[PDB]
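Below sits a lone chain in structure tokens, taken as the form deposited in one PDB entry.
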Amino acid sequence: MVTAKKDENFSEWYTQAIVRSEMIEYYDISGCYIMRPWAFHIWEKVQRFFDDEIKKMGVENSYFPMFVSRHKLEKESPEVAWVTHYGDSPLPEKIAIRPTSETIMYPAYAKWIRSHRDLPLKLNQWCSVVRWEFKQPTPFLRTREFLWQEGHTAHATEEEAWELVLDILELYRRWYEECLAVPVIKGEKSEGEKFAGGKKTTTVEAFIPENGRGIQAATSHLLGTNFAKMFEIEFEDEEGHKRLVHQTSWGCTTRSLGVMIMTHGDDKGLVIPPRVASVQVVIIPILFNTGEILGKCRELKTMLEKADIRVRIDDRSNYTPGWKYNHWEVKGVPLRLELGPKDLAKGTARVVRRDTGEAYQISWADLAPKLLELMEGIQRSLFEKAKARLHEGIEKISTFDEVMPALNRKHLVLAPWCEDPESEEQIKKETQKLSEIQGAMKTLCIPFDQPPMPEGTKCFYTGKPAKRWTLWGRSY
């Protein structure tokens, strides 16, 4: 059973919910975690979604090695794990476990690209990534081993690369909004928060109401021509001139599962969106074994599986129905089907939806279509409710004085900002100092969706003219 209350004791709730739901088992190495089926299946669902979508844009998959020579990695960091020996035997030079794959992939890109006919080059990989994170580890959200994909592309023009950046970013919106029912906000990173290797970083950001924190959900970079300068990725154009390629890179990790847990979970435990749940409907026979009820459960299973609904009968002998209800509630199965002798006599079954608790009486013949409609309802309502908590979590302000009260209410702040890089630094400091007295607030993104900006408007901090609205907050 789940006992820590979600609003009151968020950290404990989260651990309880991931452990008692059977998603995660703890492990003797810090910041590493076991991903059990109930979590891993969700990762498979989103990997297949995204993979299929990039295969439509002409991206192709590859696998580069997890190892990189120190020489190659330090070409141009305290997080990098170094291998120094195998068995008893010292290596000639230490070797790094990949923390990201630029220094592995880009030298190969310099070899493969010779001519404009080689462009665009579009690759992705799925792989694990290792980083010795300094911060407190958190399962899914921050781990020292995480799973991700990483895309790297090279184009003859900026315009084509930018088109891809945005197309990929829309797929990350989809990953989170369409599969996980988490609402996100597309936006440009500030100068201080963007990938230092690139020209412009775009991002998809999320908000955890229960601790008032923003969190970057995924990232898509327009890298410009600078890696191609560094690594010498050049092409003869059709006029025989030597040109630099234009590059993008993008990634999203097992962090997304965690954001999904935090968003839809409640005091009983998980709530998993139907699109990604391992089991969408659990059949629970009201049994404390004559074979009439399980006979009908099996029948119902077959029937529902014909509509591609994922189903499990919990036919365990030694557990009471109510025990089982709770069990599958902690796991967040979006739908429970109850079948007892009553139900068996009526030709009906009783269905309870995990998001709201609402119960329904449904005739055997209507089950398949009615459970499909219920899952669309559940999926959609999870989203709409989270969207509403997102927009209730953002306070629009005009002045630096509105900042601290807005952070204390566990809110994000949306504010007109001059975008001067020095100012971002000043605001990280000033809100750090002010937080200790009573923690740093930073930029999360400049939203693509800009609320209106009355002609005279001034920066909430410097009072200079204000370019755009920037979304700020405490963050992971």
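Between two forms, the rigid core is the largest collection of C-alphas that superpose within 1.5 Å. Throughout, we count residues from 1 along the sequence that is shown.
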| query | finding |
| --- | --- |
| Residue gap status of residue 76, at least a third of other entries | yes |
| Residue 324 preceded by how many uncoordinated deposited residues after residue 323 | none |
| Chain break class at residue 159/residue 160 - deposited residues not modelled | none |
| Mean temperature factor over C-alpha atoms, higher-scoring stretch between 77 to 85 and 145 to 153 | 77 to 85 |
| Given 247 to 255 and 327 to 335, the range whose Cα B-factors average higher in the PDB entry | 327 to 335 |
| Member of 263, 289, 128, 203 with the greatest C-alpha B factor (per the PDB record) | 289 |
| Among 399, 100, 280, 219 - the residue whose C-alpha B-factor is largest in the record | 399 |
| Cα B factor band for residue 450 (lowest, middle or highest third within the chain) | lowest |
| Chain-relative CA temperature factor third for residue 112 | middle |
| Assigned third (lowest, middle, highest) for the C-alpha B factor of residue 54 | lowest |
| Relative C-alpha B-factor of residue 319, binned into the chain's lowest, middle or highest third | highest |
| Among modelled residues of the same chain, the CA temperature factor third for residue 62 | lowest |
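Keep in mind the form deposited in another entry is missing from the figure; the text below concerns it.
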| item | value |
| --- | --- |
| Identity of the moved residue from 199, 173, 316, 385, C-alpha shift 2 angstroms or more, core fit between the shown form and the other one | 316 |
